[PDB]
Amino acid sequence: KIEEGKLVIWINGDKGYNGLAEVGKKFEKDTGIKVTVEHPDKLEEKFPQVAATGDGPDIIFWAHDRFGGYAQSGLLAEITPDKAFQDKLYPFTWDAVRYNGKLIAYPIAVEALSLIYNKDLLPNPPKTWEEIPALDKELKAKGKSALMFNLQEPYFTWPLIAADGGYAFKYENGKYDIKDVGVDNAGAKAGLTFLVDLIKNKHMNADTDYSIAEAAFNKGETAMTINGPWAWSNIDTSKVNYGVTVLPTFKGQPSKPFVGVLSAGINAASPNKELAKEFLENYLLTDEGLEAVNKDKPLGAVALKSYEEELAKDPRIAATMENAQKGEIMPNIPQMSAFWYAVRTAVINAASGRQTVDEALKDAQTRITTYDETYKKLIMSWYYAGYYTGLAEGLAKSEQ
């Protein structure tokens, strides 16, 4: 039983959860309804687990790519904004949260990765990926490095895999073809090979995660990182003098970040759907609501036109859109979950040297094209049996 008469919200711990809680305090002040904001680890995996049993938050925030899966599983209420409200957000953001003809979440922000660089170490950022190895050689001679970014999560490596031709599912005639997958074509291989060579030549290390890359950039140890607007707040605190710019090209072609619309879905099992709609439409999705969240951790570009026109005066937000426009909106289909788990494993195995690039991407292509949602529960249960065993083994020397 989710409890009637209050709202519980889950949102990722990289986002402005404290600013969201301030909107929640204002909602309580006007309405009497208490709002509790939590940021559980792995909430995008935890949500469908607790919500399947009718528990969990009233409202879940995540990028839109997970929501078609959640909707398919019956976890998300259809939302009911009137046309006047829908006119306040850009049309392409509503398209990202439309699944089988129904709106299933409220769009909040438009997220894309950018290249973030330290202006003191590197006054003119490289326009190409190909120039990064020579730059790293130069910087290593000064005890610095050229680039560090999260290698554990395929969101960050995808822009390079997609630049020369990689794609998730082929889009044609307004539909994604779940059986036409582009993770193992010549462009995907060229980009992942380029990444793997950076690692073979010691310009990057496979054991790099978000926290490692964030610390190296914010301590002035590495000249560049790849990250979204939520990261800007810790950089601002570090006082590194940084710029936010277009991602390097690869083979003369733009990097193509997958663009996520951070969105708020309402749990199908919540008895508080009308209060959740009120909080989202009349408190959060206002200039003052989004500003409260943004002042905590930047949202980047936002779906609300009136506030996006103010935010876009900042060239960091314009650069975020410049990168977004060069990439592709994520599909929200339920097969996105298999896509990301398969690509995450492929990047990991090629980066560690466990598999060659061609072996890794061939295995990911089969895993995705032969995936069948009928077996989702079985497949996920055994993935996690493997994940907790491998995590304990990876953490071991670290205890003993």
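In case it trips you up, residue 1 is the first one in the sequence shown, and so on.
Visitor: Could you check the entry and say whether 40-48 or 328-336 has the higher mean CA B-factor?
Guide: The stretch with the larger mean CA B-factor is 40-48.
Visitor: Using only the Cα atoms and their B-factors as the entry lists them, report which of 257-265 and 174-182 averages higher.
Guide: Looking at the recorded C-alpha B-factors, 174-182 comes out higher on average.
Visitor: Highest recorded C-alpha temperature factor, please, choosing from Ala168, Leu122, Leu115, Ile108.
Guide: Result of the comparison over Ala168, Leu122, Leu115, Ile108: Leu122.
Visitor: If you check the C-alpha B-factor for each of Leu151, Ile104, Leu89, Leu285 in the entry, which is highest?
Guide: Across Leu151, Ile104, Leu89, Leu285, the entry lists the biggest C-alpha B-factor for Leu151.
Visitor: For the chain shown, is the CA B-factor of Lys297 in the lowest, middle or highest third of its modelled residues?
Guide: Tercile = middle for this residue's CA B-factor.
Visitor: Among the modelled residues of its chain, does the C-alpha B-factor of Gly220 lie in the lowest, middle or highest third?
Guide: Its C-alpha B-factor, which the entry lists for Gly220, ranks in the highest third among residues of this chain.
Visitor: Which third of the chain holds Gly74 when residues are ordered by C-alpha B factor: lowest, middle or highest?
Guide: Top third by C-alpha B-factor.
Visitor: Based on the entry's values, in what third of the chain does the Cα temperature factor of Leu361 lie: lowest, middle or highest?
Guide: Answer is middle: the recorded C-alpha B-factor places it there.
Visitor: Taking the chain's C-alpha temperature factors as the reference, tell me which third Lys26 falls into: lowest, middle or highest.
Guide: Middle third - that is where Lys26 ends up once the chain's C-alpha B-factors are sorted.
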